[PDB]
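Read top to bottom, the protein sequences are chains E and X. Using the working numbering, read the first sequence as starting at 1 and increasing by one per residue. Using the working numbering, read the second sequence as starting at 1001 and increasing by one per residue. Structure first, then comments.
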Amino acid sequence: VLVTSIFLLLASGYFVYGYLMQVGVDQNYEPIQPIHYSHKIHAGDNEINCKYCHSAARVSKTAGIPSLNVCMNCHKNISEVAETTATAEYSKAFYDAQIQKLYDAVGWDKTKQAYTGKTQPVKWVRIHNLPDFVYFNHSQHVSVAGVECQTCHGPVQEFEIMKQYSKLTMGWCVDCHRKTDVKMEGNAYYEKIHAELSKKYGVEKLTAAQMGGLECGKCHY
Amino acid sequence: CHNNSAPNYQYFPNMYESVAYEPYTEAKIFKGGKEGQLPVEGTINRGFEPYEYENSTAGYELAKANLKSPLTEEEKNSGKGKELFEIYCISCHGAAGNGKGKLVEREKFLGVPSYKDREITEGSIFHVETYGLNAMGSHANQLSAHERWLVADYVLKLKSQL
Ligand code: HEC
Ligand code: HEC
Ligand code: HEC
Ligand code: HEC
Ligand code: HEC
Ligand code: HEC
């Protein structure tokens, strides 16, 4: 009987440690947005480019939610949706009576094609969060290092509703820094460093353990 | 236990929520419910000039006639003007062609002309790219004042190849 006793003790450890390692993790998080916005029709079927709505990724650290002025310059001429886009779950009248909710937030009127003077913003639900001791900046992490826009937030164009893809818990930031390279070809900031040590030490360096990106004052100060 | 339609449980949230005011969240004290209060009219921050031509039919052709590009030849031949056209413009206008785009094939909305049909100067792009001519919108919210001129040189190179 001791063999099965040991087995159960080992299993017991497994189902405690595993629990504790999955406390501060928010994978596969899906709330209910007040509109039913679809990243699948816009970014996947129409092939709208990814930087269009989310425009602040190049300059600022917060690639924010697009404001309701971007929701009008495409949607002045699109009132109804289609006839070959409604599915088994979603009908045409579900979409047409919900694109009208975009007109109530801005104040657009369908009849005489003019703005009214009553505006209400849309309370979105933010699904990617970090505690506010970290310092992540989208600007020097997309424009400087040429990272593709699906390798951090998942294959976003194949989602009907939005889902958090990665876990963001401090051991995914370190792990992707161990196995990548800084871009030293184009930048003139690296001419003092990259032309050096090719004569002395080596051809290229990783990000984490060489430039110094694993120090407690560069990420949370 | 952890559900997926609600966030997961936490162990002593010491420094997780914010005492300061991170930009887009909701507050209670402000004028609206927002956190992005509008600046006062008529002020000027450091590194920005206000556009001095008003809206269409009286300031359109006045901008088309006498308005020039304040760039240099070092910045035009950089390739950054092409990359901004690759993002913000192929969805209606064509990439190498004019008017073919991605959305008159799918027939979602019609009425996008070519660049052979309408004669446009280098100052007449910048007046439309900030205001829009009856079916466009203000792309000033997306691009910056140094970057609208980088697009305008690339569009002139697209008309010359047509
Ligand atoms: C306009 C047609 C958009 C395009 C192009 C892209 N996105 Fe988007 N995104 C858009 C809206 C209106 C929202 C609001 C929230 C919602 O669920 O509708 C978003 C949100 C995101 C998010 C999550 C935001 C958060 O708080 O965590 C992500 C991660 C995101 N968008 C990514 C993303 C990518 C990778 C895109 C290129 C394929 C992209 N978006 C394009 C609207 C639009
Ligand atoms: C879909 C909403 C478009 C986007 C994205 C861009 N353009 Fe556009 N543009 C669009 C239409 C439907 C029209 C014609 C409107 C009309 O009333 O005739 C235009 C027009 C132009 C023009 C010509 C303006 C003129 O006075 O003749 C130019 C030079 C132009 N658009 C440039 C342009 C640029 C640089 C864009 C990227 C920022 C861009 N357009 C996007 C539709 C749409
Ligand atoms: C705010 C969110 C936006 C912005 C930035 C754009 N559109 Fe859309 N759009 C919007 C809503 C609320 C809906 C209906 C709900 C849904 O999930 O579909 C749509 C839908 C469309 C459609 C109709 C789909 C169909 O053909 O059946 C088209 C077409 C479409 N959107 C195109 C489009 C374009 C070209 C945009 C410019 C980038 C754009 N959208 C932006 C609201 C919003
Ligand atoms: C395409 C543009 C991208 C790229 C390549 C990445 N993200 Fe980022 N991401 C993006 C959007 C539109 C948002 C929502 C903005 C918001 O403020 O919620 C996010 C969000 C995040 C967050 C949460 C924001 C925060 O904690 O302050 C993090 C963290 C985050 N994204 C991380 C991240 C990483 C590590 C990326 C790798 C290059 C990355 N993102 C890319 C859109 C885009
Ligand atoms: C957690 C948020 C992440 C994740 C998941 C990734 N990165 Fe990294 N990254 C991050 C911080 C706080 C910094 C700044 C550190 C510093 O200034 O030294 C960086 C930086 C980089 C860099 C260096 C940029 C430069 O050349 O100046 C590179 C290169 C880089 N990050 C790449 C990279 C890759 C390929 C990732 C996998 C998608 C990745 N980061 C994830 C924070 C975080
Ligand atoms: C020195 C030790 C470091 C190093 C260099 C970095 N981190 Fe950070 N970090 C550290 C601790 C002890 C914690 C947890 C504190 C807590 O009360 O939970 C963190 C936390 C993060 C988080 C949040 C993780 C979560 O919410 O569960 C992120 C995200 C994070 N750290 C990112 C991050 C990045 C990008 C760093 C640069 C490589 C980095 N950490 C360094 C201790 C240390």
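Note that the Cβ used here is the ideal one computed from N, Cα and C, for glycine as well.
For E:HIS138, collect the residues of the same chain with a Cβ closer than 6 angstroms to its Cβ; drop the 5 residues on either side in sequence, then sort them by chain order. Locating residue 138 of chain E in the first sequence gives position 138, where the first residue counts as 1. Counting only Cβ-Cβ distances below 6 angstroms, and skipping sequence neighbours, we find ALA57, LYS61, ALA63.
Beta carbon of E:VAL106 nearer than 8 angstroms to that of E:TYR95: Numbered from 1 along the first sequence, position 106 holds the residue referred to as residue 106 of chain E. Numbered from 1 along the first sequence, position 95 holds the residue referred to as residue 95 of chain E. Not closer than 8 angstroms, so no.
Scan the stretch 139-161 of chain E for residues whose Cβ lies nearer than 9 angstroms to a Cβ of chain X and list them as they occur along the chain. none
Leaving aside the five residues before and after X:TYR1053 along the sequence, list all residues of the same chain whose C-beta is less than 8 angstroms from its C-beta, in chain order. The residue given as residue 1053 of chain X occupies position 53 in the second sequence. Once the five neighbours on either side are set aside, the close Cβ partners of X:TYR1053 are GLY1059, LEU1062, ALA1063, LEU1067, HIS1127.
Limits of the alpha helix (DSSP H) - the one that X:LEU1158 falls within: In the second sequence, residue 1158 of chain X corresponds to position 158, counting from 1. Segment 1148-1161, the alpha helix (DSSP H) holding X:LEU1158.
Given that a residue counts as buried once 16 or more other Cβ atoms are within 10 Å of its Cβ, and exposed if not, what is E:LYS51? The sequence position of residue 51 of chain E within the first sequence is 51, counting from 1. So E:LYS51 ends up on the buried side.
On the three-pair Cβ rule with 8 angstroms, is the stretch 1141-1155 of chain X touching the stretch 1116-1126 of chain X? Short answer: they touch.
Give the DSSP-derived three-state secondary structure of X:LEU1038 in the structure shown. For the purposes of this step, residue 1038 of chain X is identified with residue 38 of the second sequence, where counting begins at 1. X:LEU1038 falls in the coil class under three-state DSSP.
Assigned exposure category for E:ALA43 - 16 Cβ within 10 Å defines buried: The count along the first sequence starts at 1 and reaches residue 43 of chain E at position 43. Buried is the call here.
Would you mind telling me which residues of chain E sit closer than 8 angstroms to X:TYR1016, beta carbon to beta carbon, in chain order? Position 16 of the second sequence, counted from the first residue, corresponds to residue 1016 of chain X. Those are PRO131, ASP132, listed as they occur along chain E.
Ligand 1 and E:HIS141: does any heavy atom of the ligand fall closer than 7 angstroms to the residue's C-beta? Your numbering for residue 141 of chain E matches position 141 in the first sequence. The answer is no for E:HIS141.
E:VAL81: CB within 7 angstroms of a non-hydrogen atom of ligand 2: In the first sequence, counting from the first residue as 1, residue 81 of chain E sits at position 81. Because no heavy atom of ligand 2 lies under 7 angstroms away, the Cβ of E:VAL81 does not count as near it: no.
Nearest to E:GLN100 (by Cα), restricted to the options E:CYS71, E:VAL125, E:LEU197: Position 100 of the first sequence, counting from 1, holds the residue named residue 100 of chain E. E:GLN100 has its Cα closest to that of E:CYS71, out of E:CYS71, E:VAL125, E:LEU197.
For the stretch 27-44 of chain E against the stretch 119-126 of chain E, are there 3 or more C-beta pairs whose distance is under 8 angstroms? yes
Beta-carbon within less than 6 angstroms of E:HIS177's beta-carbon, same chain only, minus the 5 sequence neighbours each way: which residues are those? Looking up residue 177 of chain E in the first sequence gives position 177. For E:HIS177, where only same-chain residues beyond five positions count, the Cβ hits under 6 angstroms are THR207, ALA208, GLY213.
Name, please, each residue of chain E whose Cβ falls closer than 9 angstroms to the Cβ of X:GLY1094. Mapped onto the second sequence, residue 1094 of chain X falls at position 94. Result: empty, since nearest Cβ-Cβ is about 14 angstroms, beyond 9 angstroms.
Using 10 angstroms around the beta-carbon of E:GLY18, count the other beta-carbons present and answer buried if the total reaches 16, otherwise exposed. Working through the first sequence from its first residue, we reach residue 18 of chain E at position 18. It counts as exposed.
Anything in chain A within Cβ reach of E:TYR52, meaning under 9 angstroms, just list it in chain order. Although the question refers to chain A, the structure presented lacks it and instead comprises the protein chains E and X.
Which runs of the alpha helix (DSSP H) at least 4 residues long sit entirely within the stretch 1076-1149 of chain X? Give them in chain order. 1080-1088, 1124-1131
By the three-class DSSP mapping on this structure, what secondary structure does E:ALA11 have? Position 11 of the first sequence, counting from 1, holds the residue named residue 11 of chain E. Of the three classes helix, strand and coil, the one that applies to E:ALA11 here is helix, per DSSP.
For ligand 5, any of its heavy atoms closer than 7 angstroms to the Cβ of E:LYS218? Stepping through the first sequence from its first residue, residue 218 of chain E is reached at position 218. Checking every heavy atom of ligand 5 against the Cβ of E:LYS218, one is found closer than 7 angstroms.
Specify which residues have a beta carbon nearer than 6 angstroms to any heavy atom of ligand 1, listing them in chain order. E:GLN33, E:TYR37, E:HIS39, E:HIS42, E:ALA43, E:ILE48, E:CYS50, E:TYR52, E:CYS53, E:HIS54, E:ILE65, E:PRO66, E:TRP124, E:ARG126, E:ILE127, E:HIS128, E:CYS149, E:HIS153, E:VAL156, E:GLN157, E:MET162
Do X:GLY1032 and X:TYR1024 come within 8 angstroms of each other at the CB atom, strictly closer than that value? Here the question's residue 1024 of chain X lines up with position 24 in the second sequence. Here the question's residue 1032 of chain X lines up with position 32 in the second sequence. Not closer than 8 angstroms, so no.
Just how far apart, CA to CA, sit X:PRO1007 and E:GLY117? Reading the second sequence from its first residue, position 7 is the one you call residue 1007 of chain X. Reading the first sequence from its first residue, position 117 is the one you call residue 117 of chain E. Cα to Cα, X:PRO1007 sits roughly 37 angstroms from E:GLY117.
Could you check if X:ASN1098 is buried or exposed, using at least 16 other CB atoms within 10 Å of its CB as the buried criterion? Along the second sequence, read from residue 1 onward, the residue named residue 1098 of chain X stands at position 98. Under this definition X:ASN1098 is a buried residue.
I need the straight-line Cα distance from X:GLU1049 to E:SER166, nearest angstrom please. Indexing the second sequence from 1 puts residue 1049 of chain X at position 49. Indexing the first sequence from 1 puts residue 166 of chain E at position 166. One C-alpha to the other measures close to 42 angstroms.
Starting from X:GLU1035, find everything on chain E with Cβ-Cβ shorter than 8 angstroms and list it in chain order. Position 35 of the second sequence holds residue 1035 of chain X. Residues of chain E passing the Cβ test: none, with the nearest at roughly 11 angstroms.
Kindly list the residues whose CB is nearer than 8 angstroms to the CB of X:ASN1055, restricted to its own chain and excluding five residues on each side of it in sequence; keep chain order. Within the second sequence, the letter at position 55 stands for residue 1055 of chain X. Excluding residues within five positions, the ones whose Cβ falls inside 8 angstroms are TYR1131.
Cβ pair X:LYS1108, E:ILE78 closer than 8 angstroms: As a position in the second sequence, residue 1108 of chain X is number 108, starting the count at 1. As a position in the first sequence, residue 78 of chain E is number 78, starting the count at 1. Against a cut-off of 8 angstroms, the Cβ pair of E:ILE78 and X:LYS1108 comes out as a contact.
On the three-state DSSP scale, how would you describe E:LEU20? Taking the first sequence and counting its residues from 1, the one referred to as residue 20 of chain E is at position 20. DSSP places E:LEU20 in helix when its eight states are reduced to three.
Is it right to say X:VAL1155 is buried, meaning 16 or more other beta carbons lie within 10 angstroms of its own, or is it exposed? For the purposes of this step, residue 1155 of chain X is taken as residue 155 along the second sequence, with counting starting at 1. The residue is buried, with at least 16 neighbouring Cβ atoms inside 10 Å.
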